[PDB]
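Alright, here's a single protein chain in two forms, structure 1 and structure 2, each given by itself as structure tokens.
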Structure 1
């Protein structure tokens, strides 16, 4: 069937992407799907289902689902918003219960969704091609979104790890992700790795793929209401349904993956892993190790020879293509771990204070810098700069440019204690900048504060990027950081900890740096568990048992 059909009504609004480029994207994502399954597919599926059978899922109460709703989440068209939901207002709660009852009673009627163009900031690079069109977001009403959490929050948080095990990428912090990749690479006699990029993955997801995902969720121990809600949500929402623009006009119809449903990440991860694990068998790849994050797939295997590796890679592609997962860019075999770009990141190595080797994840900093620039210029709902500091804390660019620049602004605005929202693995987190030393110590280790001996390739990439974007050179940043550090140190408490730990690199005479005693208390239990892209998930960071002296 067609992934999408359009009435012709425009995708109306609500360098950066806008609704004007939405037409160009619609042409790309609108196509008929051709899917052929085989024995490898069926075998992998049964193996996945057997592991899913060990899961016991819980039905979330109305109160629990409401607290998971972001405060700025889209308002319902039924006279209430995210604030009313979080406060457990009578109107919001009564509507949610009516939506739930309707899922238990109605098993067939398609549920309405809103289609909208995403406004994301990308960089002005005219050296190769032109500006990329806006990505599209498809989401149901706020009421349907709360019910999705009640039925599937515990499923989508628990089931992917039980099924895929160590292959589930969202169970890893950036440090654990590097540990997984390095251990996998060094485990092979002669290693070969590749990244597989699917052209419009959400559009390649067929209605059978969605029914197959349900067959996996149905293996959980579920409360009868959860079982019926999952069944009704599959037929009425996940399989497809009608599209409505921001103005209320009928836009068309969807028969592929919705980007803004709770099961988007989980379903995409399961589907990608299933087709890839089956394709690995068809291509007859040796001792495979996979790492899957939604549509992002990386495979580390045992090399069979340059010509053989090229041949097996074409065979994997032909299998993936049959499964309705064709590539955008054809996959390339890599014989260095540092040469693999996975989740827009690559492995690099530095040294700690004692000269010991330390692996970390980095990336080209063009887009993180351009987005941080937009964020200082115009106040945005999500602060990509904060998330980049959290995720890329051990990197040369996040320490010298992002940390320095934003701590100087927070010092000037007297907003260090002010909690800001950032997206990590699709979920929204309300974090206070003062908590950054503690967070970094937990996700990356004490070493992240005393890392040095960066590679020539990494230094040159950071330096070239700064030149290309008109950003002052690294020496200017070291000078600015010494002032930021001094001002922070003088303020005491958590602010001094920010100066001492985050800007230790900026001083000629480096400090000892003992572990931060309060970092243990940080409740990070809901941090590197699962992916919730388009899931509309929110968590405010909390401290467990605070000591009076902290």
Structure 2
């Protein structure tokens, strides 16, 4: 029966509350220049004789064509807009050389001109509306450290906490026409410029609801930009879930939403009562056309909930105080890093894993040790690497890792010890399974890596001091690494990542 959507009073009530909050948002219509500057340098070429760089640093051909696309969006409210379907080759896969089928992910996008028009009309709404509507439930406002703080405080707030994760399997292609229209109705509640209001209506009717796809066919999958798709999915999932919490009569809910991924922390009503409540929640979500991947399970320990491939775990700082942090099973991070040891990638998953999971036993002992050893050998500590973290691609120098880690995780990230036996066992058994040397070997290797870094001075010695303080018996004190704004001077006089 594919997608069949049934909307009730709970859904309608939550939508009114969302629209009432949306009404307090005043969003601005970006000029051609403002939108052009937001174009990524490696954004796909237009079929109209220009393509990134030209748009990015303003060009007569690019700007005048994008102004005609804009005029057409304001004047035509129904003609379907075309989208291109392309195969982007896979990174962690054996790629045929001198003939063969190339493993690839498929990407669907409108012409570059349309993409800049979408930014003019929606960038300010997508970057302001979700937080204004969902508040603390909006998952993309948090750093790993702030996210864990939010979760733990929500868990501690309950008399008898219960929590569960709910994941909607492949929604990005299966997005209903209704969901797209409901999203638009929320965006329309903002204080928009009249041209924005029309452009939003045209884009939703001509592009977002569906349209033709070419190098052909017709698509009903998301053709919006990353920021637009993210906003849409999060608002839709929040709407359906907040309504489903009411239908399931869940008490004192705290939700955390990241696109299609969600977590609810509420008050337990007893084992069998909670099991019934979750069945109720799932029935409501399924009726709202958001069925689960795996049926949700009530959890009574925060550590047992897995969401966005991660779970909360405990460690202790140097003073013995409990420190909470996000971790994950290290099999895929290690397997991808093994690949990268043999072959250079444009993603540098190892570096992204060190940044996302810096407090973890496996990122500190294995990934930092192994890659600093390689960088020392190759004399490439200074070389900025392109690193993909979630959406974006960042250029990161390994020498700036202490500063980055402190910003995202806090100073405790460098002093953690007394990790949970279960967490250690997951790491240890994983090393045995993959043929990786045990943790005792990594300590020996890190003492040598730290020594070589210290001898190099500057940022290299700060990497030695902060990142490998776990490897020495006689530990250094470790004070916060000061930001350029704290020092009260320009980033030009501050080595590495300063505050830009």
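Numbering follows the first chain given and starts at 1. The term rigid core refers to the maximal set of C-alpha atoms that superpose within 1.5 Å between the two forms.
After superposition on the rigid core, the single residue among 100, 273, 194, 180 whose C-alpha moves by 2 Å or more between the two structures is 100.
With the core held fixed, the Cα of residue 88 is displaced between the two structures by 2 Å or more. With the core held fixed, the Cα of residue 221 is displaced between the two structures by 2 Å or more.
The Cα shift for residue 499 between the two structures, taken after rigid core superposition, is smaller than 2 angstroms.
At residue 404, the distance the Cα travels between the two structures is 0.5 Å after the core is superposed. In the core-superposed comparison between the two structures, the CA atom of residue 122 travels 8.0 Å. Here residue 77 exhibits a Cα shift of 4.6 Å between the two structures, evaluated on the superposed rigid core.
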